[PDB]
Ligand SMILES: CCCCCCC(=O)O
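There is one chain below, alone, in structure tokens, taken in the form solved without heptanoic acid (SHV).
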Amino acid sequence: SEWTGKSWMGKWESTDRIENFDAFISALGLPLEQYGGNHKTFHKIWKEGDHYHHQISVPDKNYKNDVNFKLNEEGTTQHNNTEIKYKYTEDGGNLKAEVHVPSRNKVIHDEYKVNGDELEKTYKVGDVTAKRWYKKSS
């Protein structure tokens, strides 16, 4: 396991800073009663030889998902039983994920942009953009 090498690698924790996230959640067709708000969220991204791991956790929601990815290579995961296709790529120093949710005819853009000490995550679906800011853990 390697925890450095790219600016977006590391252990990231959500902050109080969030923008337009309910509009993004609504545009995905998800209920705000269970997916809105600003619950403490962790992103951990590290390298394991020939691939990366990306662990997402939302402890209040009993959610933990470990995503295995190789840059530029498609992968799949599941949420409940919604299949999710993804492909992570680098845009220079930033990390992007292209996400298909075929059952719902949705395409989602995720971006991870590290401004130094801080990580800005941008979420886009169609013309709806949300942002959330993360800090390095501890």
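Each residue number is its position in the shown sequence, starting from 1.
Unshown form solved in complex with heptanoic acid (SHV); subsequent notes refer to it.
Q: Of the listed stretches (44-52, 24-32, 66-74, 87-95), which one has a non-hydrogen atom within 4.5 Å of heptanoic acid (SHV) in the entry with it bound?
A: Careful reading of the contacts points to 24-32.
Q: Could you tell me if residue 8 has a non-hydrogen atom within 4.5 Å of heptanoic acid (SHV) in the entry with it bound?
A: No, residue 8 is distant from the partner.
Q: Report whether the minimum heavy atom distance between residue 12 and heptanoic acid (SHV) in the entry with it bound is within 4.5 Å.
A: It does not: once heptanoic acid (SHV) is placed as it appears in the entry with it bound, residue 12 has no heavy atom within 4.5 Å of it.
Q: Going through 92-128 from first to last, which residues have a non-hydrogen atom within 4.5 Å of heptanoic acid (SHV) in the entry with it bound?
A: Heavy-atom contacts to heptanoic acid (SHV) in the entry with it bound: 121, 123.
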